[PDB]
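Chain and residue survey
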Amino acid sequence: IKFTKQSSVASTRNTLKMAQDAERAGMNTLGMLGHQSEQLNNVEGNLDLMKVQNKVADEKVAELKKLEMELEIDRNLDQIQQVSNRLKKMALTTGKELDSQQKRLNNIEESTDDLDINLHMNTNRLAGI
Amino acid sequence: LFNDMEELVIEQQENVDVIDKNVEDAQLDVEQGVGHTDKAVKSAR
Amino acid sequence: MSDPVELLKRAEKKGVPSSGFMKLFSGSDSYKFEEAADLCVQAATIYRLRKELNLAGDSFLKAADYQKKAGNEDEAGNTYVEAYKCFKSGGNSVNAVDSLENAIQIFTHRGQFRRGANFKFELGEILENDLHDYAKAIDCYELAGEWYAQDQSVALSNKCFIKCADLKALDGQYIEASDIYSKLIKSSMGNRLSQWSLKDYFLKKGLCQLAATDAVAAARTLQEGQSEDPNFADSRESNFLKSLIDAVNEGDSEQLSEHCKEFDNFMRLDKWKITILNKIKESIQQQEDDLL
Amino acid sequence: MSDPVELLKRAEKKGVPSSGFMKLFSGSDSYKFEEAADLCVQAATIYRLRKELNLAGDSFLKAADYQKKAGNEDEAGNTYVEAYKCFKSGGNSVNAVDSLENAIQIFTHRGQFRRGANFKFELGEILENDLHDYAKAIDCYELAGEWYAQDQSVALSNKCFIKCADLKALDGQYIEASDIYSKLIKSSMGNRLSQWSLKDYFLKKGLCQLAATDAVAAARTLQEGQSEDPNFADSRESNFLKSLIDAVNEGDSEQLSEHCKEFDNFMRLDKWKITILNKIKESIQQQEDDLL
Amino acid sequence: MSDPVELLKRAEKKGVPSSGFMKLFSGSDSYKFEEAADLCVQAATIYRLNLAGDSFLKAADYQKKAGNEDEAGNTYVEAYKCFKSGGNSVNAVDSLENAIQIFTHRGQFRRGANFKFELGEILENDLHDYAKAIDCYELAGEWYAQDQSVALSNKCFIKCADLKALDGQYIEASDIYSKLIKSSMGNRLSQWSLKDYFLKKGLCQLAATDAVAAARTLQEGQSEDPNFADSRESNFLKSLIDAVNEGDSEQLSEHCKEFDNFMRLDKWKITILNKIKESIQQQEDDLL
Amino acid sequence: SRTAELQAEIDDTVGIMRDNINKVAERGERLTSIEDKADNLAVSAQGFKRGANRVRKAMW
């Protein structure tokens, strides 16, 4: 009887340990996704600026060309349940933030490709002047 | 799963760094390039 | 490399408007201000390289002022944003506030409301976190949210209104915090993406209504959320709000504390919610003491 | 829209180098090759719009060849990458391999190692999954891993070395795979982020050492992991490796199978582990048969 | 493909400064050094690892001679890449020193701190020259602290204070365990690390035979951080303090084994604990 | 009933995290592609700079 209770105590101990490890990883990942979100914001600003500059370049180039064991099990389940909560909201918020970043990255890709094409066009036009 | 996610995001950090740097570099060259086309137009007129 | 002090001195000398008889022979003063602004920007770039950043920001402020005198307001806004960046990186939040403000008025006058909203939100962040000027930060978030709402950017507007409602509720300003949460709820109905946020909004609304000792409005919020959003109906946030309402109606602060612990075990209570729930508790206790 | 066949014919006509007396009067042939490459790229774009992907790839290959003749190697690498994309989307893995090899040779030559390593890894993937040329896939992953180690890209280098070690172990090169796992282990020590990959690496190293019938090296790997990484000490992987070593030293194939089932019940053995474990069992059974 | 040896020879020939009469007729030597650097960079690209690194060092030297310290710093970083990856840690160290010096002179303290930490890692792991690794971690942490990057500063000071404790500089390590503690108070992201810091501080104070300071650190942590108060680390530090006060090494061994069962003692903790044990045993023998 | 509830929540969270892992893979692929195209953008920006400079000198 006692042996099973001991094994269950050990089970809940490892259970809580793994839950806490998972939570550490999740918090680092959310903070790190926020940092990468800020970086992508800088990218987005630079791309917007280059769009404006490429409009200017287009017009200039056009003109240029023109020109005790039971209690412990209970307490371990308490602490486990707390951490598992933190794991659930962390998973949900991660999905949210990352979905927004996926749409943002799609727009970033398309804008980068368009800017690259425009720059190649204007370079080719300048080559002939 | 949480561990694997952290590792993948750590890996992806490398990409984000390079992208930020390249786009920043590109923007500065484009700005310089436009400056050149402005001066070129000033002369051609 | 040029000495930036000499560059600023030459900028100052060039930035003197033509006064008197010389004005009849001198062309538009705009060109002189443009050249002085370029000199100030060169000094600022040199200063930024040296990371004595506050002086780089000061040089950008001088450049932006000369650009304003030239009539070139768009470059003035760009340069104020650069000055802001230098000050923020330098830990001089006051000058960062001033730079962002000037940039924001320039942008709003030019119809660039989206850009002004971005910088208004950033300014509100500088106020909330670095200067602890919560009132004008509330103002910043509200106005930025309005500007985003006019631009039909629901997500950015909601972010700003979340910040505004949170700061309002923390300031003792509960009823209009609940009103902003009503706006957030209405703007988030029917959008599958915001489903997780929606429950949160309902809870917070009720909580403000409990901090204003209006248990009836909290109950009405509960039934509204239960009827309009099935996910909130079956949620832990809804049951928690019901339990808090029941405790408030019974005048049993210990039951409220038990429910807060129970919800803490299934739902860690962030700092904002701890403050509001505590306030509800002292209101219950004050009524109990007044009845003895 | 122009006919791509007609465009390719004009590209071919223009791509003829100036021979004989005409070479004394004709300018640099570079411009002719550039124009032929432009025509080929136009034909390739037209084919890509029609989903005739293999023809688009061939047109891009012709364009890249002309660009190489023009002296524009960077553009040739870009165009080879485009040809690779067209072939890969078209299911023509052989021409995709050729395109990536030429692209990688160009991208190497221009100092672009990180880029060539990306494409070398992609080449390794095409070799492993589409063509089942495992030896060249091993070479590709080793090459890409070394190039990423040259850029101090530890994570990408580790990904390539994981693939290399897995394929080497599946190919019977157990010792070399164990050495690559030693490199992975060393490159992952002390990094909190790879802790979970680290346990896996230790296990795999021991497994290869058991497939090479060197149980002593497996025991040393277990001891090293137990001493150097506390997370490996208590892990199910360390206990499993210990149990496998004990079974191998005892020559009891049934106990090894029991331990494999027990480990499978708590942590699913992927295909690679199953193959290596089957090899280890086979070696034990062969020794048992040799002793009767 | 151009031969890199010939490119280096041409770079050497172009890199000779104008001396004497021809100096009156030759323009600025900067352009010659720029062209020599470009040739050296080409040679380095063809070699690309040790010969690539040596070719980048020559290019960076010529860039320095040109007045282009900017490109020289970038080229030293490239040389460091080539050397680190070729297993030539000494030349990697030299390249990082020159790059860091160029950066710090220029006002890129952040980049300097980045490469200073990288240098510290090379010193610690490849060369095992712990003293300069400690110095590099300390200075990189200071540069991050000026930049208000608390996280990077804390990483550097964790490494620095840890190398100091393993080198027997226990008081100085405790003073860096204390800075980390103040820099981490109130920050929810650092809560798990904070317990760790308190423990390590006490351990150093136990290895310096200052049990009173360990007790004070325990009391401070218990009062200031509720998460540390109820933690296994606080109980472990208390038990270690009680054992040290009683002069009972066997009890401290029991406590270490118990703590090991529930939270594995990493190499550092084992190491410091072993000196605490040795101090207790030495006191016992001296009393005999 | 408490622990089953706990098991149910953990199972749901595993599902969300499996979803997240699939999403971060989509994200890693997208980021690799964006790195390649941003390298292209930087090269093209430098080329445009140099061509504009050469036209500026020609016109001067």
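Presented here is an overview of the structure given in this document.

1. Overview of the overall build of chain E
- A count of helical and extended segments in chain E gives 15 helices and zero strands.
- Against the compact-globule benchmark of 19 Å for 288 residues, chain E has a radius of gyration of 26 Å, which places it well outside the compact range.
- In terms of its C-alpha atoms, chain E occupies a principal-axis envelope of roughly 85 × 40 × 35 Å.
- Looking at chain E as shown, the accessible area adds up to about 14,400 Å², and 49% of this sits on carbon and sulfur atoms.
- Charged side chains in chain E number 35 positive and 47 negative. The centres of these two groups are separated by 7 Å.

2. Describing the interface of chain A and chain F
- Of the residues lining the interface, 38 residues belong to chain A; the matching set on chain F comes to 29 residues.
- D78(A) is the salt-bridge partner of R2(F), the closest N and O atoms lying 3.0 Å from each other.
- At the junction of chain A and chain F, the tally comes to twelve residue pairs in polar contact.
- Elements with a minimum of two residues in the side of chain A that touches chain F: helix 1 (2–66) and helix 2 (69–127) of chain A.
- With 30 residues, helix 2 of chain A is the largest single contributor of residues to the side of chain A that touches chain F.
- Tallied by class, residues from the side of chain A that touches chain F come to 18 nonpolar, 13 polar and seven charged.

3. As for helix 8 (residues 154–170) of chain C
Residue and element names in this part refer to chain C.
- The end-to-end C-alpha separation of helix 8 is 24 Å, in line with the 24 Å expected for 17 residues at 1.5 Å each.
- For helix 8, the set of buried residues is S157, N158, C160, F161, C164, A165, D166, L167, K168 and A169.
- Check the buried side of helix 8 and you find it contacts helix 6 (113–131), helix 7 (134–150), helix 9 (174–188), helix 10 (195–211) and helix 15 (271–290).
- Directly after helix 8, the chain includes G172, whose backbone phi takes a positive value near 90°.

4. Quick look at the interface of chain F and chain D
- Of the residues lining the interface, four residues belong to chain F; the matching set on chain D comes to five residues.
- For the pair chain F and chain D, the summed buried surface comes to about 330 Å²; carbon and sulfur atoms form 25% of the total.
- When residues of chain F are sorted by the area they lose upon contact with chain D, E35(F), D36(F) and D39(F) head the list and together hold 70% of the total.
- Taken together, chain F and chain D are joined by three salt bridges.
- Between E35(F) and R114(D) there is a salt bridge, with its nearest N and O atoms 3.7 Å apart.
- For the pair chain F and chain D, the interface holds zero residue pairs in polar contact.
- Grouping the constituent residues of the side of chain F that touches chain D by class yields no nonpolar, one polar and three charged.

5. Digging into the side chain of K199(D)
- Looking at the secondary structure, you find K199(D) in helix 11 (residues 195–211).
- Among buried charged residues, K199(D) stands out as having no salt bridge; its nearest opposite-charge side chain is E237(D), 5.1 Å away.

6. A short note on the layout of surface pockets
- Space inside the second largest pocket adds up to approximately 350 Å³.
- Along its surface, the second largest pocket is lined by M1(C), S2(C), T45(C), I46(C), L49(C), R50(C), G67(E), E69(E), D70(E), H105(E) and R106(E).
- Of all elements in the fold, only helix 2 (30–49) of chain C together with helix 4 (69–85) and helix 5 (89–106) of chain E reach the threshold of two or more residues within the lining of the second largest pocket.

7. Remarks on unusual backbone geometry
Residues and elements named next belong to chain C.
- In this structure, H132 is a non-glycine residue whose phi angle is positive, near 55°.
- Relative to the helices and strands, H132 is located in the loop between helix 6 and helix 7.
- For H132, a relative accessible area of 47% corresponds to the partly exposed category.

8. Let's talk about empty space enclosed by the protein
- In this structure, the largest cavity occupies an estimated 40 Å³ of space.
- Per-class residue counts for the lining of the largest cavity are four nonpolar, three polar and one charged.

9. A word on a negative patch on the surface
All names here are of chain D.
- Taken together, the side chains of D246, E250, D252, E254, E258, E262, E288, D289 and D290 define an acidic patch exposed on the protein surface.
- Sorting the residues of the negative patch by element identifies helix 14 (236–250), helix 15 (253–266) and helix 16 (271–291) as the ones contributing at least two each.
- With respect to the helices and strands, the residue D290 is situated in helix 16.
- In this structure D290 comes out as exposed when scored by relative accessible area, which is 69%.

10. As for the pattern of salt bridges
- The final tally for this structure, using the stated rule, is 67 salt bridges over all chains.
- Between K14(D) and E35(D) there is a salt bridge whose closest N-O contact spans 3.0 Å. Separated by 21 residues along the polypeptide, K14(D) in helix 1 (residues 4–14) and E35(D) in helix 3 (residues 30–49) bring together distant segments of the chain.
- For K14(D), a relative accessible area of 23% corresponds to the partly exposed category.
- Taken together, the shared-partner salt bridges connect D162(E), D196(E), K200(E), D266(E) and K269(E) into one network.

11. Considerations on the environment of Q286(C)
All names here are of chain C.
- Checked against the element boundaries, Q286 lands in helix 15.
- Given a relative accessible area of 48%, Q286 falls into the partly exposed group.
- For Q286 and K13, which are 273 residues apart along the polypeptide, the C-alpha to C-alpha distance reads 68 Å.

12. Considerations on the state of the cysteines
All names here are of chain E.
- If you walk through the whole model with that rule in mind, you get zero disulfides over all chains.
- Between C40, a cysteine without a disulfide, and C82, which holds the nearest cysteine sulfur, the sulfur-to-sulfur distance is 13 Å.
- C204 takes part in no disulfide bond, and the closest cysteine sulfur to it belongs to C160, at a distance of 12 Å.
- The buried category is assigned to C204, whose relative accessible area is 1%.

13. Here we look at the packing of helix 13 (residues 236–250) of chain C against helix 15 of chain C
All names here are of chain C.
- In contact at an axis separation of 11 Å, helix 13 and helix 15 are set at 20° when each is read in the N-to-C sense. As summarised for this structure, helix 13 and helix 15 are arranged roughly parallel, according to the angle between their axes. Classified by chirality, the crossing of helix 15 by helix 13 is left-handed. Note on element contacts: helix 15 touches helix 13 through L277, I280 and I284, opposite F240, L244, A247 and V248.

14. Notes on a nonpolar patch on the surface
- Together, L49(A), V52(A) and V56(A) make up a nonpolar patch on the protein surface, roughly 210 Å² of accessible area in all.
- A residue is classified by how much of its surface remains accessible, and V56(A), at 32% relative accessible area, is partly exposed.

15. Digging into the arrangement of the chains
- Across the eleven pairs of chains in contact, the largest number of contacts is found between chains A and F.
- The closest approach of any C-alpha atom in chain C to one in chain D is 26 Å; the two make no contact.
- Separated throughout, chain B and chain E approach each other most closely at a C-alpha pair spaced 14 Å apart.

16. Some words on the packing of aromatic side chains
- Going through the model one piece at a time under the given rule, you end up with 25 aromatic pairs over all chains.
- Seen in terms of ring centroids, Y181(C) and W272(C) are 6.3 Å apart; in terms of plane orientation they differ by 75°. Their pairing is edge-to-face. With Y181(C) in helix 9 and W272(C) in helix 15, this residue pair connects regions lying 91 residues apart in the sequence.
- We classify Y181(C) as buried; its relative accessible area is 0%.
- The exposure class assigned to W272(C) is buried, which follows from its relative accessible area of 8%.
- Judged by centre distance (6.2 Å) and plane angle (55°), the rings of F109(E) and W143(E) are tilted. You can see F109(E) sitting in helix 6 (residues 109–127) and its partner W143(E) sitting in helix 7 (residues 130–146), a full 34 residues away along the chain.
- By way of ring pairs, the aromatic residues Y80(E), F103(E) and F115(E) are connected into one cluster.
- The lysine or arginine in question, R115(D), covers the ring of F107(D), its NZ or CZ lying 3.8 Å from the ring centre.

Rules behind the numbers
- Residues numbered from 1 in each chain as written, not as in the entry; some residues may be left out.
- Chains lettered and ligands numbered in written order.
- Part of a larger assembly, values for the part shown.
- Heavy atoms only, no water.
- Helix = DSSP H or I, 4+ residues; strand = E, 2+ residues; numbered from the N terminus.
- Rg over C-alpha atoms; globule rule 2.2 N^0.38 Å.
- Areas by Shrake-Rupley, 256 points an atom, 1.4 Å probe, with all protein chains shown as cover.
- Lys, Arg positive; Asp, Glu negative; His and termini not counted.
- Charge placed at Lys NZ, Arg CZ, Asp CG, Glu CD.
- Contact = heavy atoms within 4.5 Å.
- Salt bridge = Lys/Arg side-chain N within 4 Å of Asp/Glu carboxyl O.
- Polar contact = N/O pair within 3.5 Å; in protein donor to acceptor, adjacent residues only side chain to side chain.
- Nonpolar A, V, L, I, M, F, W, Y, C, P; charged D, E, K, R; others polar.
- Expected span 1.5 Å × (residues − 1).
- Buried < 20%, exposed > 50% of the residue type's maximum accessible area, 1.4 Å probe, protein only.
- Buried area = accessible area lost by both parts, 1.4 Å probe.
- 1 Å grid on protein atoms, 1.4 Å probe; cavity = no way out; pocket = protein on both sides within 12 Å on 5 of 7 lines; lining within 4 Å.
- Points joined across faces, edges and corners; volume = space filled by probe spheres on them.
- Patch = residues over 30% accessible without salt bridge, like charges linked within 9 Å, V, L, I, M, F, W, Y side chains within 5 Å.
- Disulfide = S-S within 2.5 Å.
- Axes fitted to C-alpha atoms, helices over the stretch in contact; angles between N-to-C directions.
- Parallel < 35°, antiparallel > 145°, perpendicular 65-115°, else oblique.
- Left-handed = near helix turned anticlockwise from the far one by under 90°.
- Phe/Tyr/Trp six-rings, centres within 6.5 Å; stacked < 30°, edge-to-face > 60°.
- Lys NZ or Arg CZ within 6 Å of the ring centre and 35° of its normal.

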